[PDB]
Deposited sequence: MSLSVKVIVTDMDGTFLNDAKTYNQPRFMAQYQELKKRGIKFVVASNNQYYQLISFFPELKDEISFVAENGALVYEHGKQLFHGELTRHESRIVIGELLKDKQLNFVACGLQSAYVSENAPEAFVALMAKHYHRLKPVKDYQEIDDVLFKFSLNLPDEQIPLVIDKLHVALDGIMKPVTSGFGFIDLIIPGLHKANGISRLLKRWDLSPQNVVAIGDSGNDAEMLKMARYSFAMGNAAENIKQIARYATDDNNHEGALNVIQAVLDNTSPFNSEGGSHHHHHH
């Protein structure tokens, strides 16, 4: 019944619509959570480097479930990562060679022959982007591909890649003109579970805070599950408890309830 972990999604949850949060209030709150030995976790679809930019003073202290569970960090150190074999990366790239970025542990990668305009645009989206001559030559392992193409081609390319890369990777739509290739069995919720196992804690000790469809599993999992006021009704139905919306510090108010030991933590 004791709160030992607070986990939050970012977009639509810990962040307002302006993609910011009350940093001074959260700092003071975190100082207090640390005194009580309560872990704070950010769990999101977002890139690890996009998550930690929000926490420059806490990034080696709090924990991250990034890239929907393909990357897990605890005390500033990588605890878990997904990866493809040299074999599977070869297979994937073969199929793509019929513009893309490959995501590795140390860098993102693009072909040196890829259109220069595309390479310049990608450079803005990744913390590090390395032009490479050969994908079988790079010393990294890969967990994700991002593909850019005319959006009209997307439904057919998804169908093609779904069968062709079955059991290796799953194609999903991302933004306008983009497809992600993701490792199929890696999810936000099982990324969180990896942290719980490391800490010898149970989902019964967990506060989870979310708003969006991809928060459903994490919310089902946690004993103290909270849907943001802006959450769709289906998410509000899954979560046991409610809080104010993301433009009114709703996630911080949950943390406040834990600190106050008020309901449902009383």
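According to the record, the deposited residues with no C-alpha atom in the structure span 1-2, 101-104, 273-283.
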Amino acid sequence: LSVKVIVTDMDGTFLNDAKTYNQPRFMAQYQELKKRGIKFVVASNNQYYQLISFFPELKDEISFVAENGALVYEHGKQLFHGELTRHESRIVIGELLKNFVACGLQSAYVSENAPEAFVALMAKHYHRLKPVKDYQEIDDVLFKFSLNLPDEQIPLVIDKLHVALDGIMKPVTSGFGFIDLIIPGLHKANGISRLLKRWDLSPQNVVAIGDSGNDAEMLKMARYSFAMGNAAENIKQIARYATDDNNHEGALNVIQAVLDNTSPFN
From here on, numbers count along this sequence of modelled residues.
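Relative to one another, 111-119 and 154-162 have unequal mean CA B-factors, and 111-119 is the one with the higher figure. Comparing 166-174 with 186-194, the stretch with the higher mean C-alpha B-factor in the PDB entry is 166-174. Per the PDB record, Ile93 has a higher Cα B-factor than any other of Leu181, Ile93, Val72, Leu149.
When the modelled residues of the chain are ordered by C-alpha B-factor, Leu1 sits in the highest third. Among all modelled residues in its chain, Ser225 ranks in the lowest third by Cα B-factor. When the modelled residues of the chain are ordered by their C-alpha B factor, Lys59 lands in the highest third. In the PDB entry, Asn261 places in the middle third of its chain by CA B-factor. The entry lists a Cα temperature factor for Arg36 that places it in the middle third of the chain's modelled residues.
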